[PDB]
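A short write-up of the structure that comes next.
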Amino acid sequence: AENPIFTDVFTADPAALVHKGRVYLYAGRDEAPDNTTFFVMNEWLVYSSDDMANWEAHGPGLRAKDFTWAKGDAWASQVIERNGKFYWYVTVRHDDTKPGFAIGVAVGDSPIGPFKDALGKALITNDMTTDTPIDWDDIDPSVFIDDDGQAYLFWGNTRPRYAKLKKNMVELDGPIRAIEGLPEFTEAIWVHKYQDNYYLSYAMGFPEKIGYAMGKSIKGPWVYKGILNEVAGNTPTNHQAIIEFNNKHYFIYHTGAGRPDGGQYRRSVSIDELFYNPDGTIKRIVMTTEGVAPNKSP
Ligand SMILES: [Ca+2]
């Protein structure tokens, strides 16, 4: 379970879920030939584990070009289960009909697919959010289903936003709302709940750290609580996912510590353990070479 956990490919922008006693881990595959130009990402890979230490590779689960309305760029994504189906929210570069990055959604009958575009068009297009002129604000989706059954889509670079999702998971319900209270917000929202607190962690500043805020409701208000993760080894992007599995908590992220020539466009998923303080704040992550111990259900 030494970090990075996969040595034969470069993996980035991790997301994870727990389904029938296995963790499923989703990540973009970095195919950039070096760290000199830009991200080259075409497909997302799927892995699974019953102990957080030994991982089964399932191969590509989805490709950016699977969305007929996308140019490419298999950017940050997240998968969630509802009512027996799996909804995969993706960042992709939209074709020129609606210039800029966008958020798509695919649907699958199992955690490993087969996945297909659930809409045949984008869920969020760049032109739906014009309070900033940049064309990469509509990236990095995070999805959450609250205890009352209301689902929510969070996203954004520069401008943090969320909206309710309909029960079908593929349609917005009501207004796109701006989120307040996240100082130095950059991108990469992850939302989770533990006991009676909600947590919104995010990439903060640039080069990126991870900051986080706590709320008593999924609607906020969000109260900033400080740095969750220092700048990650040899990468300016710091992209995280937090899950609870078998009575432990896991901070899944990426570094540029892989070989050969890991770096900003050739990243590697890593995992370390996450610990709560009694008051529900989170101890700052310690990023390690050793990673996590096996934690299989007895
Ligand atoms: Ca926009």
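Quick note: the coordinates plus some simple rules give every number you see, no bench work behind them. Cβ atoms come from the backbone with ideal geometry, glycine included; neighbour counts cover every protein chain shown.
Here are the numbers:
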read-out	value
Number of the condition not met by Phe101 [criteria: (1) surrounded by 15 or more Cβ atoms within 10 Å (Cβ to Cβ); (2) under 19 Å from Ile271 (Cβ atoms)]	(2)
Close pairs from region 72-94: first at negative phi and in contact (Cβ under 8 Å) with a residue 60 or more places away in the chain, partner among the charged types (D, E, K, R) and in a strand (DSSP E or B), Cβ under 6 Å, at least 6 apart	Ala76/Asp13
Number of the condition not met by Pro175 [criteria: (1) in a strand (DSSP E or B); (2) within 16 Å of the ligand (Cβ to nearest atom); (3) in contact (Cβ under 8 Å) with a residue 24 or more places away in the chain]	(3)
Of the criteria (1) surrounded by 17 or more Cβ atoms within 10 Å (Cβ to Cβ); (2) acidic (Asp, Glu); (3) under 26 Å from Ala1 (Cβ atoms), which one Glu56 fails	(1)
Which listed residue is within 19 Å of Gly291 (Cβ to Cβ) and in a loop (DSSP other than H, G, I, E, B), from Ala27, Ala53, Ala15	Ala53
Failed condition for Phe39, given (1) within 30 Å of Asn295 (Cβ to Cβ); (2) touching a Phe, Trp or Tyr at 6+ places or on another chain (Cβ under 7 Å); (3) surrounded by 15 or more Cβ atoms within 10 Å (Cβ to Cβ)	(1)
Failed criterion for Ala102 (all others in (1) in a strand (DSSP E or B); (2) more than 10 Å from the ligand (Cβ to nearest atom); (3) free of Cβ contacts under 8 Å to residues at least 60 places away in the same chain hold)	(2)
Filtered residues of region 122-166 (kept if away from the ligand (no atom under 16 Å from the Cβ), in a loop (DSSP other than H, G, I, E, B) and either at positive phi or surrounded by 13 or more Cβ atoms within 10 Å (Cβ to Cβ) (or both))	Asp146, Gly149, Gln150
Only listed residue being among the polar types (S, T, N, Q), touching a residue at least 40 places away in the same chain (Cβ under 8 Å) and in contact with a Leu (Cβ under 8 Å, 6 or more places away or on another chain), chosen from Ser142, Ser49	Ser142
Residue that is surrounded by the fewest Cβ atoms within 10 Å (Cβ to Cβ) [pool: residues in region 210-227 that are part of a strand (DSSP E or B) and aliphatic (A, V, I, L, M)]	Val223
Strands (runs of 3 or more DSSP E) wholly inside region 228-298 containing at least 3 residues that are buried (at least 18 other Cβ atoms within 10 Å of the Cβ), of a type in the set (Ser, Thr, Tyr) and within 16 Å of the chain's Cα centre (by Cα)	248-255
Flag for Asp117 being of a type in the set (D, E, K, R), in contact (Cβ under 8 Å) with a residue 40 or more places away in the chain, closer than 20 Å to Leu25 by Cα and within 16 Å of the ligand (Cβ to nearest atom)	no
Unmet requirement for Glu187, which otherwise passes all of (1) assigned to a loop (DSSP other than H, G, I, E, B); (2) within 16 Å of the ligand (Cβ to nearest atom); (3) of a type in the set (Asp, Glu)	(1)
